[PDB]
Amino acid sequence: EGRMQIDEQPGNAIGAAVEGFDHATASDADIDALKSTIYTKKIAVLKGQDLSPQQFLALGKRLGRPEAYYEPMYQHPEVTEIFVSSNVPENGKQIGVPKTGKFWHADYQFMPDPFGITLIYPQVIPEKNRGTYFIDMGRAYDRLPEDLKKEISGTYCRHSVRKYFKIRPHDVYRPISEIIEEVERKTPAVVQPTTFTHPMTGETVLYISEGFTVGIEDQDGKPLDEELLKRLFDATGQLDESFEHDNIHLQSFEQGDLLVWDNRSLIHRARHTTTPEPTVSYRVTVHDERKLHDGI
C-alpha cells in the first residue's frame, strides 16, 4: 500500500473512482477496502491501468478466483480466463465474439454457480456512443410498490441462455433443432429464488433480467403467468428503450479505466448500435469469498 485512494460518490449515488491502484503492490487492507467499495458503491472505476492481458488476469486474481467462459470461442488466444468482446479484426481474424451483451443481464445468471464480481478492461472505446448501462436490482427492488414486493414473495425464477446463445463456426450446416437441444443439455435452465439476500450487504436483490429470466414459478414449483415477469421488467426499467428510466445508470469510461462491479446486485446492457463505432473489451470474472447467495 501507500497510495491507493478511493473516492466514492456521495450518498446513494452509484459508483466510485480509484486512483493509484497497483495490483502488484496493494496491501491486504487495500484489497479489502476496494472490495467493500465494490459491494456498497456497486461500480469501482480503477484509473490509469496500463496492463497486458497477463497483468489484467493478475489484477483479477487479487480480488477472487477467475472462471473461464464455458464457450471457448470467447476466450482470449493467450489467456483462457479472459473473455473477449470484439468487432475489430486482428490480422483479418475474428478475436473473441462481436456485439456481445446487447440485452439486460447479470453475468452467468443462466449458470448454477454465478461469480460475484465482473471486471471489464476496455481496449477500443467508441468516441461518441460509449458506455454500458446498469440497473442496481437491490435499489430497484426497494422502489417496487409494496404489493409487487408481496406478489414476488415466495416465488422462484428460471434463467436460461437459450435466447442469446451465439452460433459458433462449428455450428455451420447443423440443423438448428440439434443446437437448441445441445444448449438445453449443456446449460439447462437454472432455478433461483426470485429475491435473495446479498451476503456482503444484507440487501434484498431482485435477481431477474430481461435477457436471461425466462419464467417465474410459485412457492410450490408451478409456473406463473409471464405477465408477472413483464410487469417486473417494466417497473424496474428494463423495457424502457429510451434508457431514461430513473433506475438506469450510464457508466462511461476513458482509456486506462477498468470497471469492477457487483455482479450480484447489478444488471447491465450494451447501448443501442446507433453508430458504426467499434468496441473491444477484455473481461475477467471472479468468485469471491461467498457464493452468489446462501442457497447456492
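C-alpha atoms forming the largest set that superposes within 1.5 Å between two forms make up the rigid core. Don't overthink the numbering: it's just position in the shown sequence, from 1.
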Quiz item: After a rigid core fit, does 88-96 or 135-143 show more C-alpha displacement in 6 other deposited structures of this protein?
Solution: 88-96
Quiz item: Fit on the core, then compare CA atoms: does 266-274 or 64-72 lie farther from this form in 6 other deposited structures of this protein?
Solution: 266-274
Quiz item: Would 241-249 or 256-264 have the larger average of its C-alpha temperature factors, as given in the entry?
Solution: 241-249
Quiz item: Should the higher mean CA B-factor in the entry be assigned to 282-290 or to 21-29?
Solution: 21-29
Quiz item: Out of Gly116, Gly202, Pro223, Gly211, which residue has the highest Cα temperature factor in the PDB record?
Solution: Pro223
Exercise. Would you mind ranking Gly48 by its C-alpha B-factor against the rest of the chain and naming the third, lowest, middle or highest?
Key: highest
Quiz item: So where's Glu182 on the chain's Cα temperature factor ranking, which third?
Solution: middle
Quiz item: Is the Cα B-factor recorded for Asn129 in the lowest, middle or highest third of its chain?
Solution: highest
Quiz item: Against its chain's modelled residues, does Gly96's Cα B factor rank lowest, middle or highest third?
Solution: middle
Exercise. Divide the modelled residues of the chain into thirds by Cα B-factor and specify which third, lowest, middle or highest, holds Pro89.
Key: highest
